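Asks: opening piece of the complex, as it sits:
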Amino acid sequence: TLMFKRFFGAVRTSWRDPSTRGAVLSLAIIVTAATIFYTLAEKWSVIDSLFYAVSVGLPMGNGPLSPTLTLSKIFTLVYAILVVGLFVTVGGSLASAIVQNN
Amino acid sequence: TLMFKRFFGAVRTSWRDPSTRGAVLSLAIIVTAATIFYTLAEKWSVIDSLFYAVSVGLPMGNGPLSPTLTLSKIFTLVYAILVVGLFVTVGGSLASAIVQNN
């Protein structure tokens, strides 16, 4: 029953596009890229890898998960600084869409 | 003894509405669902669930609690992206309403 969320959520209001919710596109590369890195370098599972990635722009909250290696530390910074912007506007957009969707 | 805040804040500032504080309603809907899932899925108590729900889109931080199921992990992930926007705007309007009460 996580249906009503995924379907009346990420799927449904993710298809409200201006020229400037090409930020979603921008987001997806970056999150995905981070996830790959986390999986490979930090050795974590895909979900956990994704969880960490999502965490560094959003108030969600990383898990037990934190970087243990120098590359993972440094990388987390550089990614984090960028994506924080990206997460924001997208969240705003979706929020906006939700309200005029009822 | 939080009787001060609940009357002076939480049930103070909501009694003030524009068009865009339709956002409250959506946020309410999001949170409730989230909490329910947590209680059912993640087995935690109503508040612990409820706390966790709030934790994900505001910066406060979750202490001990973190999702342990892949299913709940994705639920957070999906749910995270929707609610944050809502949190932002309710956060802002609500804050402004304090300021216009002094």
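Replies: Nice, I can see it. Numbering: from 1, shown residues only, chains lettered A, B, ... in the order given.
Asks: what residue in chain A comes nearest to chain B?
Replies: residue A:95 (2.3 Å; CB to the nearest CB). Any C-beta I mention is one placed from the backbone N, CA and C, and that applies to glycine too.
Asks: measure the closest residue to that residue other than its chain neighbours to residue B:16 for me?
Replies: Closest residue in space to residue A:95, ignoring its immediate chain neighbours: residue B:85 at 2.3 Å, by CB to CB, 6 or more residues apart in numbering or on different chains. Look at residue B:85 and residue B:16: by CB to CB, to the nearest Å, they are 21 Å apart.
Asks: among these two, which residue is more densely surrounded?
Replies: residue B:85 (27 against 14; other CB atoms under 10 Å in any protein chain shown).
Asks: which strands and helices sit next to the helix or strand hosting that one?
Replies: Assigned by DSSP states H and E, residue B:85 falls within helix B:70-99. Applying 3 or more CB pairs under 8 Å, 6 or more residues apart in numbering or on different chains; DSSP states H and E, we find helix B:70-99 packed against helix A:3-5, helix A:46-55, helix A:70-99, helix B:23-41.
Asks: which positions in chain A make contact with chain B?
Replies: A:1-2, A:4-6, A:9-10, A:13, A:47-48, A:50-51, A:54, A:58-61, A:63-64, A:87, A:90-96, A:98-99, A:102 (CB under 8 Å from any CB of the partner chain).
Asks: sorry, back to before: between the helices and strands packed on helix B:70-99, which gets nearest to residue A:27?
Replies: The closest of those to residue A:27 is helix A:70-99. By CB to CB, the value is 4.9 Å.
Asks: to the structure above, add chain C:
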Amino acid sequence: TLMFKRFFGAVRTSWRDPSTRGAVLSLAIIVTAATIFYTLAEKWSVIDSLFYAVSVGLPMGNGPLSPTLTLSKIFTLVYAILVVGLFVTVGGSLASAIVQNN
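Replies: Chain C goes in next, on the same frame as the chains above:
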């Protein structure tokens, strides 16, 4: 060595005033109240109470600290929704004020 931050920072650009930074007043009262609550309920030392209270407006991160009692859990959500906006507007004001000093 914090003196350089404290004087060159949260007072040096704190005293940059319009009418609309009356939120600083509000921030002070609200942060104070929460701190008091934390001190009382959570048993915590005043600094720690203060630490936690600020942790929840800002992207900070609490320490190892988090609400362990039900009232504290309940209180935190309520407070966080209120105070976040305050933290935001003040932050922007203060931010803008560093930049205006170059």
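Asks: let's see what packs on helix B:70-99 again after adding chain C.
Replies: Helix B:70-99 packs on helix A:3-5, helix A:46-55, helix A:70-99, helix B:23-41, helix C:23-41, helix C:70-99, going by 3+ CB pairs under 8 Å, 6+ apart.
Asks: of the ones you listed, which stretch is the most buried?
Replies: Comparing the helices and strands packed on helix B:70-99 by mean neighbour count (mean count of other CB atoms under 10 Å in any protein chain shown), helix A:46-55 comes out on top with a mean of 21.
Asks: for it, list the C-alpha coordinates in PDB.
Replies: What follows is helix A:46-55, C-alpha atoms only, in PDB (Å, rounded to 0.1, in the frame of the first residue of the first chain):
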ATOM      1  CA  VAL A  46      22.400  -0.100  -3.600                       C
ATOM      2  CA  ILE A  47      19.500   1.100  -1.400                       C
ATOM      3  CA  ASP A  48      21.900   2.200   1.300                       C
ATOM      4  CA  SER A  49      24.200   3.800  -1.300                       C
ATOM      5  CA  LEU A  50      21.100   5.700  -2.700                       C
ATOM      6  CA  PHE A  51      20.000   6.600   0.900                       C
ATOM      7  CA  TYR A  52      23.400   8.200   1.600                       C
ATOM      8  CA  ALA A  53      23.300  10.100  -1.700                       C
ATOM      9  CA  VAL A  54      19.800  11.500  -1.100                       C
ATOM     10  CA  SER A  55      20.700  12.500   2.400                       C
END
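Asks: what angle separates it from helix B:70-99?
Replies: Here the directions of helix A:46-55 and helix B:70-99 differ by 10 degrees (axes from the mean of the first three to the mean of the last three CA atoms, to 10 degrees).
Asks: quick one: distance of helix A:46-55 to the chain centre.
Replies: 8 Å (CA atoms, centre = their mean, to the nearest Å).
Asks: same structure, new chain, call it chain D:
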Amino acid sequence: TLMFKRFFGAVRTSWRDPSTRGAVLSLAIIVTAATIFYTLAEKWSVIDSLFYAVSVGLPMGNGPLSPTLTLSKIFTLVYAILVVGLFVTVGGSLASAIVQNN
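Replies: So that you can see how it sits with the rest, here is chain D on the chains above:
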């Protein structure tokens, strides 16, 4: 393995400048001083210190690292309010500069 992000990230969007990204300069100062503090006060390594400093101004999330002494606790609070702004606009300018680069 992060060479994509380092060169095509927070060195690419740097060579894209108006004058109100003097905020990057501000952030560098505040961040650097913070790092200096944390290394010294809290005994941590430089990388860890940097991470922690970043962690208080972004949704990133402090790992194990958090302050343990009053001096550092207070300092975080002070710094936290200051940096929160500078981070935010940095993310924003940076963020837009990604979409303007596509």
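Asks: same as before for what packs on helix B:70-99, with chain D this time.
Replies: helix A:3-5, helix A:46-55, helix A:70-99, helix B:23-41, helix C:23-41, helix C:70-99.
Asks: quick one: residue A:95 from residue D:18, how far?
Replies: Taking CB to CB, one finds residue A:95 at 28 Å from residue D:18.
Asks: looking at the helices and strands packed on helix B:70-99, which is nearest to residue B:80?
Replies: Here helix A:46-55 is closest among the helices and strands packed on helix B:70-99 (CB to CB), at 6.7 Å.
Asks: same for the closest one, what does it pack against?
Replies: helix A:23-41, helix B:70-99.
Asks: how about the spatially most central residue of chain A, what does it touch?
Replies: Nearest residue to the geometric centre of chain A (CA atoms, centre = their mean): residue A:54, 3.8 Å. By CB atoms under 8 Å, 6 or more residues apart in numbering or on different chains, the contact set of residue A:54 is A:31, A:60, B:77, B:80.
Asks: now the last one: how far from residue C:28?
Replies: Summarising the geometry, the distance separating residue B:80 from residue C:28, computed by CB to CB, is 32 Å.
Asks: any idea how far the nearest residue to residue A:39 once chain neighbours are set aside lies from residue A:37?
Replies: Spatial nearest neighbour of residue A:39, excluding adjacent residues (CB to CB, 6+ apart): residue A:49 at 4.3 Å. Residue A:49 is 8 Å from residue A:37, where distance means CB to CB.
Asks: now do residue A:46
Replies: From residue A:46 to residue A:37 the distance is 12 Å (CB to CB).
Asks: what strand or helix carries residue A:14?
Replies: Using DSSP H and E, no helix or strand contains residue A:14.
Asks: that'll do, ta.
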